[PDB]
(Lines of atoms letter the chains of each structure in order from A and count residues from 1; the text may use other names and numbers.)
(Lines give C-alpha, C1' and ligand atoms only; values in the text may rest on other atoms or scores of the structure.)
Protein backbone atom coordinates (compact mmCIF):
# COMPACT_ATOMS: atom_id res chain seq x y z
CA UNK A 1 0.00 0.00 0.00
CA UNK A 2 1.20 3.53 -0.81
CA UNK A 3 3.00 5.82 1.63
CA UNK A 4 4.29 9.41 1.62
CA UNK A 5 7.64 10.38 3.17
CA UNK A 6 8.66 14.01 3.67
CA UNK A 7 12.42 14.55 3.38
CA UNK A 8 14.45 17.75 3.15
CA UNK A 9 17.84 18.80 1.76
CA UNK A 10 18.80 21.14 4.58
CA UNK A 11 17.80 24.78 4.29
CA UNK A 12 18.18 27.86 2.11
CA UNK A 13 19.34 31.15 3.64
CA UNK A 14 17.99 34.30 1.99
CA UNK A 15 16.05 37.47 2.78
CA UNK A 16 12.38 37.62 3.79
CA UNK A 17 11.49 39.55 0.62
CA UNK A 18 12.79 36.72 -1.59
CA UNK A 19 9.94 34.59 -0.22
CA UNK A 20 7.35 37.22 0.75
CA UNK A 21 7.57 39.91 -1.95
CA UNK A 22 8.56 43.41 -0.75
CA UNK A 23 8.59 42.35 2.93
CA UNK A 24 12.03 43.82 3.67
CA UNK A 25 15.64 42.73 3.73
CA UNK A 26 15.86 40.71 6.98
CA UNK A 27 17.58 37.34 7.21
CA UNK A 28 15.37 34.33 6.61
CA UNK A 29 15.78 30.56 6.52
CA UNK A 30 13.49 27.94 4.94
CA UNK A 31 13.49 24.12 4.71
CA UNK A 32 13.81 22.52 1.30
CA UNK A 33 11.31 19.63 1.27
CA UNK A 34 11.15 16.80 -1.23
CA UNK A 35 8.97 13.72 -1.29
CA UNK A 36 9.01 9.95 -1.70
CA UNK A 37 5.86 7.97 -2.49
CA UNK A 38 6.40 4.25 -2.09
CA UNK A 39 3.81 2.52 -4.26
CA UNK A 40 3.33 -1.17 -5.13
CA UNK A 41 3.87 -0.30 -8.81
CA UNK A 42 7.13 1.63 -8.35
CA UNK A 43 8.80 4.29 -6.25
CA UNK A 44 8.35 7.98 -6.98
CA UNK A 45 10.65 10.87 -6.10
CA UNK A 46 9.27 14.40 -6.26
CA UNK A 47 11.90 17.01 -7.19
CA UNK A 48 14.56 15.74 -4.79
CA UNK A 49 15.63 19.08 -3.30
CA UNK A 50 18.97 20.77 -3.87
CA UNK A 51 21.74 18.96 -5.73
CA UNK A 52 23.95 16.90 -3.41
CA UNK A 53 26.87 18.84 -4.93
CA UNK A 54 25.59 21.83 -2.92
CA UNK A 55 26.73 20.15 0.30
CA UNK A 56 30.42 20.53 -0.58
CA UNK A 57 30.53 23.45 -3.04
CA UNK A 58 27.49 25.72 -3.64
CA UNK A 59 29.45 28.53 -5.38
CA UNK A 60 31.01 26.04 -7.75
CA UNK A 61 27.80 24.25 -8.69
CA UNK A 62 25.09 26.94 -8.44
CA UNK A 63 27.29 29.94 -9.28
CA UNK A 64 26.36 33.54 -8.65
CA UNK A 65 22.80 32.71 -7.53
CA UNK A 66 24.32 31.75 -4.14
CA UNK A 67 24.34 35.53 -3.60
CA UNK A 68 20.59 35.15 -3.11
CA UNK A 69 19.99 31.58 -1.90
CA UNK A 70 22.74 30.01 0.19
CA UNK A 71 22.00 26.29 0.66
CA UNK A 72 22.90 24.70 4.02
CA UNK A 73 22.90 20.92 3.69
CA UNK A 74 25.01 17.88 4.46
CA UNK A 75 26.27 15.34 1.94
CA UNK A 76 24.05 12.63 3.46
CA UNK A 77 20.91 14.67 2.75
CA UNK A 78 21.40 14.32 -1.03
CA UNK A 79 18.36 12.49 -2.31
CA UNK A 80 20.34 9.53 -3.67
CA UNK A 81 22.22 9.03 -0.39
CA UNK A 82 19.06 9.52 1.67
CA UNK A 83 17.23 6.90 -0.37
CA UNK A 84 20.09 4.39 -0.05
CA UNK A 85 20.22 4.61 3.75
CA UNK A 86 16.42 4.38 3.62
CA UNK A 87 16.65 1.12 1.66
CA UNK A 88 16.06 2.22 -1.95
CA UNK A 89 18.85 1.99 -4.50
CA UNK A 90 18.95 4.48 -7.43
CA UNK A 91 17.73 1.86 -9.90
CA UNK A 92 14.59 1.22 -7.82
CA UNK A 93 12.83 4.50 -8.74
CA UNK A 94 10.24 4.34 -11.52
CA UNK A 95 9.26 8.03 -11.76
CA UNK A 96 10.70 11.40 -10.90
CA UNK A 97 8.03 14.11 -10.79
CA UNK A 98 9.01 17.77 -11.06
CA UNK A 99 6.86 20.57 -9.71
CA UNK A 100 9.20 22.86 -11.68
CA UNK A 101 12.87 23.05 -12.56
CA UNK A 102 14.21 25.66 -10.10
CA UNK A 103 17.54 25.01 -8.36
CA UNK A 104 16.14 23.54 -5.14
CA UNK A 105 13.84 21.10 -7.02
CA UNK A 106 16.25 19.51 -9.55
CA UNK A 107 18.41 17.45 -7.18
CA UNK A 108 16.82 14.21 -8.41
CA UNK A 109 17.11 14.90 -12.15
CA UNK A 110 19.18 12.26 -13.91
CA UNK A 111 20.22 10.66 -10.62
CA UNK A 112 17.85 7.68 -11.05
CA UNK A 113 18.88 5.55 -14.02
CA UNK A 114 15.51 4.07 -15.02
CA UNK A 115 13.22 6.89 -13.87
CA UNK A 116 10.91 8.65 -16.28
CA UNK A 117 10.90 12.37 -15.42
CA UNK A 118 7.43 13.95 -15.63
CA UNK A 119 7.21 17.76 -15.89
CA UNK A 120 5.10 20.25 -17.83
CA UNK A 121 6.49 20.83 -21.31
CA UNK A 122 6.43 24.58 -20.85
CA UNK A 123 8.54 24.37 -17.71
CA UNK A 124 11.08 22.30 -19.61
CA UNK A 125 11.07 24.77 -22.51
CA UNK A 126 11.35 27.76 -20.19
CA UNK A 127 14.18 26.15 -18.20
CA UNK A 128 16.16 25.81 -21.45
CA UNK A 129 15.47 29.44 -22.53
CA UNK A 130 14.87 31.57 -19.40
CA UNK A 131 14.77 35.33 -19.16
CA UNK A 132 17.61 37.21 -17.42
CA UNK A 133 15.79 37.54 -14.09
CA UNK A 134 15.21 33.77 -13.76
CA UNK A 135 18.25 32.22 -15.50
CA UNK A 136 20.14 31.99 -12.20
CA UNK A 137 17.47 29.72 -10.72
CA UNK A 138 17.79 27.09 -13.48
CA UNK A 139 20.81 24.80 -13.04
CA UNK A 140 21.53 23.21 -16.42
CA UNK A 141 24.01 20.74 -14.85
CA UNK A 142 20.97 19.17 -13.15
CA UNK A 143 18.31 18.96 -15.83
CA UNK A 144 20.21 19.38 -19.13
CA UNK A 145 21.45 15.80 -19.46
CA UNK A 146 20.89 13.94 -22.76
CA UNK A 147 20.40 10.55 -21.02
CA UNK A 148 17.26 11.62 -19.09
CA UNK A 149 13.94 10.11 -20.18
CA UNK A 150 11.25 12.81 -20.11
CA UNK A 151 7.47 12.69 -20.25
CA UNK A 152 6.58 16.32 -21.03
CA UNK A 153 3.00 17.08 -20.06
CA UNK A 154 0.80 19.30 -22.25
CA UNK A 155 -1.99 21.72 -21.30
CA UNK A 156 -4.65 19.03 -21.53
CA UNK A 157 -2.69 16.98 -19.00
CA UNK A 158 -3.80 19.02 -15.97
CA UNK A 159 -4.79 16.40 -13.41
CA UNK A 160 -2.32 13.83 -14.82
CA UNK A 161 -2.75 10.61 -12.84
CA UNK A 162 0.66 8.96 -12.52
CA UNK A 163 -0.48 5.37 -11.86
CA UNK A 164 -4.08 5.72 -13.03
CA UNK A 165 -5.36 5.03 -9.50
CA UNK A 166 -5.90 8.51 -7.95
CA UNK A 167 -2.78 8.11 -5.80
CA UNK A 168 -0.79 10.98 -7.39
CA UNK A 169 -2.16 13.76 -9.61
CA UNK A 170 -0.44 16.80 -11.09
CA UNK A 171 -2.37 19.99 -10.25
CA UNK A 172 -1.17 22.70 -12.64
CA UNK A 173 -0.37 25.90 -10.72
CA UNK A 174 1.29 28.37 -13.08
CA UNK A 175 2.63 31.59 -11.65
CA UNK A 176 5.69 31.03 -9.50
CA UNK A 177 7.23 29.45 -12.63
CA UNK A 178 5.65 29.03 -16.08
CA UNK A 179 5.12 25.28 -15.89
CA UNK A 180 4.87 24.98 -12.11
CA UNK A 181 2.74 22.11 -10.91
CA UNK A 182 1.34 21.08 -7.53
CA UNK A 183 0.44 17.54 -6.44
CA UNK A 184 -2.68 16.02 -4.88
CA UNK A 185 -2.08 12.67 -3.16
CA UNK A 186 -4.61 10.19 -1.84
CA UNK A 187 -3.25 7.82 0.80
CA UNK A 188 -5.28 4.93 2.31
CA UNK A 189 -5.32 6.09 5.94
CA UNK A 190 -4.42 9.79 5.67
CA UNK A 191 -6.74 10.54 2.75
CA UNK A 192 -6.12 13.59 0.55
CA UNK A 193 -2.83 15.45 0.91
CA UNK A 194 -2.21 18.61 -1.14
CA UNK A 195 1.44 19.44 -1.84
CA UNK A 196 1.25 23.05 -2.96
CA UNK A 197 5.06 23.25 -3.40
CA UNK A 198 5.97 26.73 -4.57
CA UNK A 199 2.47 27.74 -5.62
CA UNK A 200 2.25 28.81 -1.95
CA UNK A 201 5.62 29.25 -0.24
CA UNK A 202 4.22 29.91 3.23
CA UNK A 203 1.00 30.04 5.19
CA UNK A 204 0.92 33.78 4.50
CA UNK A 205 0.86 33.17 0.74
CA UNK A 206 -1.94 30.66 1.20
CA UNK A 207 -3.89 33.25 3.21
CA UNK A 208 -3.25 35.98 0.57
CA UNK A 209 -1.12 38.01 2.98
CA UNK A 210 2.01 37.81 0.78
CA UNK A 211 3.00 37.36 -2.85
CA UNK A 212 5.86 35.14 -4.04
CA UNK A 213 9.11 37.10 -3.80
CA UNK A 214 10.15 35.40 -7.06
CA UNK A 215 7.62 34.70 -9.81
CA UNK A 216 6.94 34.57 -13.53
CA UNK A 217 3.34 35.86 -13.28
CA UNK A 218 1.50 37.41 -10.32
CA UNK A 219 -1.88 37.04 -12.08
CA UNK A 220 -1.27 33.33 -12.57
CA UNK A 221 0.20 32.93 -9.09
CA UNK A 222 -2.79 34.30 -7.19
CA UNK A 223 -5.28 32.44 -9.39
CA UNK A 224 -3.29 29.23 -8.86
CA UNK A 225 -3.56 29.73 -5.10
CA UNK A 226 -7.33 30.14 -5.35
CA UNK A 227 -7.41 27.03 -7.54
CA UNK A 228 -5.74 25.21 -4.65
CA UNK A 229 -8.19 26.68 -2.10
CA UNK A 230 -11.11 25.28 -4.06
CA UNK A 231 -9.34 21.92 -4.33
CA UNK A 232 -8.64 21.84 -0.58
CA UNK A 233 -12.22 22.82 0.25
CA UNK A 234 -13.65 20.21 -2.16
CA UNK A 235 -11.45 17.31 -1.03
CA UNK A 236 -10.73 18.21 2.60
CA UNK A 237 -7.05 17.69 1.81
CA UNK A 238 -4.28 18.29 4.31
CA UNK A 239 -2.48 21.35 2.92
CA UNK A 240 1.35 21.35 2.78
CA UNK A 241 2.83 24.69 1.74
CA UNK A 242 6.15 24.56 -0.04
CA UNK A 243 8.54 26.02 2.50
CA UNK A 244 6.74 27.24 5.63
CA UNK A 245 9.37 27.43 8.42
CA UNK A 246 6.71 27.48 11.14
CA UNK A 247 4.48 24.71 9.76
CA UNK A 248 7.27 22.37 8.63
CA UNK A 249 8.15 20.84 12.07
CA UNK A 250 4.44 20.05 12.55
CA UNK A 251 4.50 17.48 9.71
CA UNK A 252 5.98 14.00 9.99
CA UNK A 253 9.45 13.73 8.46
CA UNK A 254 12.42 11.47 8.45
CA UNK A 255 11.51 7.74 8.79
CA UNK A 256 8.00 8.79 9.85
CA UNK A 257 5.35 8.81 7.15
CA UNK A 258 1.72 9.26 6.09
CA UNK A 259 -0.24 6.16 5.19
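Residue numbers count along the first chain shown, from 1.
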query: Entry-level comparison of average CA B-factors, 58-66 and 202-210, reporting the higher stretch; finding: 58-66
query: Stretch with the higher entry mean CA B-factor, where the candidates are 33-41 and 215-223; finding: 33-41
query: Largest Cα B-factor, entry values, listed residues 147, 131, 158, 123; finding: 147
query: Chain-wide C-alpha B factor ranking for residue 81, given as lowest, middle or highest third; finding: highest
query: Cα B factor band for residue 12 (lowest, middle or highest third within the chain); finding: middle
query: Modelled-residue ranking by C-alpha temperature factor, third containing residue 114; finding: highest
query: Third of the chain's Cα B-factor distribution that residue 196 belongs to, per the entry; finding: lowest
query: Within-chain third of residue 18 by Cα B-factor, per the entry; finding: highest
